[PDB]
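Shown next, in structure tokens, is the structure this report addresses.
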Amino acid sequence: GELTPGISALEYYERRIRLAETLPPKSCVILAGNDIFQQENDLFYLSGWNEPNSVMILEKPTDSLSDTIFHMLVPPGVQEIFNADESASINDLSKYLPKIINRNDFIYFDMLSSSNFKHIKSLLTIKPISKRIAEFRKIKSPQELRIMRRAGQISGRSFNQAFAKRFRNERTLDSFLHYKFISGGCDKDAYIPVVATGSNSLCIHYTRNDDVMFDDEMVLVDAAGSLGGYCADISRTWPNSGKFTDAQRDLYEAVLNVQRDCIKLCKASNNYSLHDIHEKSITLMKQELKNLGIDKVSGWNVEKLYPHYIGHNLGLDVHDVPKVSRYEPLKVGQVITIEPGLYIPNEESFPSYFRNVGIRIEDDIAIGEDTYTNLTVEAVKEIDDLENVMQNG
Ligand SMILES: [Mn+2]
Ligand SMILES: [Mn+2]
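Count the sequence shown with UniProt numbering and you get residues 59 to 94, 105 to 144, 161 to 196, 202 to 213, 230 to 498, in order.
Below you can see the structure in the form of structure tokens.
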């Protein structure tokens with residue numbers, strides 16, 4: 059019954075109806091797919117069509133939802165499997181598209202690099234559309250929450266399998282997690298992974314993933330799988346030796362405390378915005394820095410030791426729906442990550458056992474009415490849970 063993994067063909071139809079319920083009479087939405105594979109997600113959200121060199125048109129000729137028309141121009161079944169009301173070859177674009185534009189007053193199309206995009210743009230009231238769909242994508246349906254839970258569950262269990270094994274080089278740990286994501290049931294990597302051991306964890310954008318791992322440092326890993334186009338996002342940090350030292354413990358619990366207290370905020374009744382939570386993450390991280398006695402270091406305030414945001418919306422993209430307001434209260438159905446971090450520089454003004462230690466703990470949280478749902482709860486992160494899996498398996 060599914061059209062793409064986790065989503066039925068009925069929901070795709072319902073998504074196109076929800077968009078049409080916002081359009082005036084004699085409108086048409088034009089979405090150009092990608093070329094050679106990562107489909108255009110606005111197109112994928114409404115069609116489930118995952119092929120290159122394709123154009124979708126959603127047309128509302130009157131004010132009745134029963135008159136809408138779902139056009140699909142594909143490379144030379162689309163009507164029977166994807167429920168396209170009309171279809172034609174993509175070669176017919178120059179003869180097919182102008183007939184539709186001329187009979188409509190409002191053209192929903194983003195004028196700002203696909204080949205069919207430059208084609209359609211040259212043919213051209231023009232209104233943007235990608236942001237209006239973003240307001241729909243930021244609210245996940247129960248089916249979408251289920252398929253994301255499956256992605257995070259597969260990714261989470263893959264981390265636990267890695268916890269029980271010893272890795273002498275980053276690239277082995279990289280290829281291992283990739284295989285477990287795929288054999289666990291995922292389509293691909295959700296994003297380019299980070300496998301940073303020791304001082305490598307201080308580079309926020311480290312992706313080389315080929316350095317040797319030593320028995321005295323911890324490894325920071327940001328990696329997760331994708332299923333049906335939906336992405337998970339997990340970060341974990343654990344010692345290579347398999348046991349936390351007293352220093353590695355104190356720093357890890359600081360990041361874990363900030364993350365835990367922030368996850369507890371993700372209830373829609375709290376009326377917090379994503380930025381509201383981030384500013385609370387700064388406050389909490391300051392207090393943890395004070396508990397460790399490293400908050401008042403000159404030139405290294407909390408912004409330089411915690412130098413990124415608390416998280417981001419998650420969905421078809423890793424950094425999902427970027428065009429939605431970070432300042433409006435979180436609504437039921439949104440999926441955001443909670444990923445605070447600490448990264449101590451190699452400065453003698455810091456204790457020696459803290460220098461060159463970077464830590465980040467990331468989980469995917471879905472917003473509920475009076476609670477939340479940890480979509481990545483399987484990947485253990487408590488020190489006693491971590492040390493148990495590492496030494497016993
Ligand atoms: Mn991440
Ligand atoms: Mn993230």
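Note that beta-carbon positions come from the ideal geometry of N, C-alpha and C, so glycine has one too.
- Excluding the 5 residues flanking it on each side, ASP355 has same chain C-beta neighbours closer than 7 Å at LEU397, in chain order.
- With contacts defined by Cβ atoms closer than 8 Å, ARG242 and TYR113 form a contacting pair.
- Within the model, the alpha-carbon separation for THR342 versus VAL324 is close to 5 Å.
- Taking the Cβ atoms as the reference, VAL482 lies roughly 17 Å from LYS245, outside the contact range of under 8 Å.
- Its Cα nearest to that of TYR414, the residue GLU467 stands out among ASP320, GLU467, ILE191.
- Segment contact: the stretch 435-455 against the stretch 407-421, three or more CB-CB distances shorter than 8 Å; contact assigned.
- Rounded to the nearest angstrom, the gap between the Cα atoms of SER178 and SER122 is 13 Å.
- Out of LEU81, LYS486, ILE165, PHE138, the CA that lies nearest to the CA of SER340 is found in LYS486.
- Excluding the 5 residues flanking it on each side, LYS285 has same chain C-beta neighbours closer than 7 Å at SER263, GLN266, in chain order.
- Comparing alpha-carbon positions, the option among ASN109, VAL437, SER280, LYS270 lying closest to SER374 turns out to be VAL437.
- Rounded to whole angstroms, the gap between the alpha carbons of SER306 and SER171 is 51 Å.
- Between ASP327 and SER235, the gap from beta carbon to beta carbon reaches 8 Å or more.
- An exposed status is given to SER430, since fewer than 16 other beta-carbon atoms sit within 10 Å of its beta-carbon.
- At the C-beta level, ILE184 and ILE125 come within 8 Å of one another.
- Taken atom to atom, the span from the alpha-carbon of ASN167 to that of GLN258 is near 31 Å.
- Contact between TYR377 and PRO434 holds: their C-beta atoms lie close to 6 Å from each other, under 8 Å.
- Setting aside the 5 residues that flank it on each side, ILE65 is surrounded in the same chain by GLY116, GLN248, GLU249, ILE252, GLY333, each with a C-beta closer than 8 Å to its C-beta; the list follows chain order.
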